[PDB]
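Asker:
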Amino acid sequence: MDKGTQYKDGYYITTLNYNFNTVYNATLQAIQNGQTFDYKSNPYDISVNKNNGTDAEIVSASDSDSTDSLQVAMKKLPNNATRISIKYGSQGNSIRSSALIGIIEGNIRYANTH
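Residues 1 to 114 in the authors' numbering are what the sequence shown spells out, letter by letter.
Encoded structure:
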């Protein structure tokens, strides 16, 4: 039905039916190039960016948000899909993440088209 967007206890987890290569690119752009700002204008910038090959995971630390860090996990599926797992702070990071996903998929939709 849907790609697989699940929200549970602050966690935002989804599958994106697009290639891990483009998903990494889009996700990087979304956070790194400041394609999304929060109302509290909090530091979104990346503290660890690492590629594995089946993993690409972005970890940014939040100094202003004492409650946690921004962690986005991108996992490569052999079905030309990518699984994204978001890490939340006690305030509910799912809000940031829902916008994040829109940007990630949307950017792919422009670049990839079909």
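C-beta: ideal position from N, C-alpha, C; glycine also.
DSSP has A61 in a bridge; who is on the other side?
Answerer: Answer by DSSP bridge pairing, in chain order: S69.
Asker: The alpha helix (DSSP H) spanning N112 covers which residue range?
Answerer: It spans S94 to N112 - the alpha helix (DSSP H) in which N112 sits, taken as one unbroken run.
Asker: Return the residue from the list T15, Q6, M1 and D2 that minimises the CA-CA distance to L77.
Answerer: Residue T15 is the option with its Cα nearest to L77.
Asker: Would the segment 101-109 count as touching the segment 50-68 if we require 3 or more Cβ pairs under 8 angstroms?
Answerer: Because the criterion of three Cβ pairs below 8 angstroms is not met, the segment 101-109 and the segment 50-68 do not touch.
Asker: Could you name the residues of the same chain whose beta carbon sits closer than 6 angstroms to that of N49, not counting the 5 residues immediately before and after it, in chain order?
Answerer: Taken in chain order, the residues that qualify are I58.
Asker: Sorted by chain position, which residues of the same chain lie with C-beta nearer than 6 angstroms to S85's C-beta, five sequence neighbours on each side aside?
Answerer: Hits under 6 angstroms: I13 and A73.
Asker: Under three-state DSSP, which class holds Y24?
Answerer: If DSSP states are grouped into helix, strand and coil, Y24 belongs with the helices.
Asker: Please tell me whether, using a cut-off of 6 angstroms, the distance from the CB of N25 to the nearest non-hydrogen atom of the ligand COA is below it.
Answerer: With respect to the ligand COA, the structure offers nothing, as it holds no ligand at all.
Asker: Distance check for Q6 and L70, CA to CA, integer angstroms please.
Answerer: Approximately 18 angstroms, taken between the alpha carbons.
Asker: Bridge partners of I31, per DSSP?
Answerer: Partner(s): none; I31 has no beta bridge.
Asker: Whole-angstrom Cβ separation of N25 and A81, contact assumed at under 8 angstroms?
Answerer: Actually they do not touch by this definition, with Cβ atoms about 15 angstroms apart.
Asker: So if DSSP puts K50 in a beta bridge, which residue, or which two residues, is it bridged to?
Answerer: Bridge partners of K50: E57.
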